[PDB]
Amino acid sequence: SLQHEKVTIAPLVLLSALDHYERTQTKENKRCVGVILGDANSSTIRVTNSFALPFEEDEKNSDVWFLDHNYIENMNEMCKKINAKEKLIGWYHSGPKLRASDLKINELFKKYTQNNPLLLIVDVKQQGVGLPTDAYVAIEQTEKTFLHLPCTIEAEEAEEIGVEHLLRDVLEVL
């Protein structure tokens, strides 16, 4: 096998997905959707940034949804001006679970990524047992299906410093 083996996610991405969900006052059963950025050129996909997307879907019909293509292109172009190292590698949504339209939505992102797109579900409700993240890439089996990839949360030094600073008061208490 040459397949991706695993995924690492920066704490900023987790917090960005949560902030997106909260700031749009997303209300159950709805989800928020966006783009993830990072590096998918090795067996370890590294997810290091993200941005929100305008997104709408029909409650009465899983087949009906809209993503703003122009928004993807225009925001990505600004992202590239800030840091070309963080490539468009996939998309995320707030889940908490895979949804029926996800393989079709994923086919759209395929037009924007160099890699086979990564779908990151970030469970912003955080009810899960373990990590609030599930990672998938689409594969054939003869039909398309999502392959579940293991995740870990990892940070570069800057963010590690940042997170430790943010949890200081909690750490003292505990």
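Numbering starts at 1 and runs along the sequence shown. C-alpha atoms forming the largest set that superposes within 1.5 Å between two forms make up the rigid core.
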Would you say which of 101-109 and 53-61 moves more relative to the shown form in 6 other deposited structures of this protein, going by RMS C-alpha distance with the core superposed?
-> 53-61
Cross-entry absence of residue 142, a third or more of other PDB entries = yes
Relative to the deposited sequence, how many residues with no modelled coordinates occur between residue 141 and residue 142 (none, 1 to 3, 4 to 9, 10 or more)?
-> 4 to 9
So which stretch wins on mean C-alpha B-factor, 15-23 or 146-154?
-> 146-154
Of 66-74 vs 46-54, the stretch with the larger average CA B-factor in the entry is 66-74
Going by the entry, which of 98, 88, 103, 84 has the most elevated CA B factor?
-> 84
For residue 34, return the chain-relative third of its C-alpha B-factor as stated in the PDB record: lowest, middle or highest.
-> lowest
Check where residue 129 lands among this chain's C-alpha B-factors and tell me if it's the lowest, middle or highest third.
-> highest
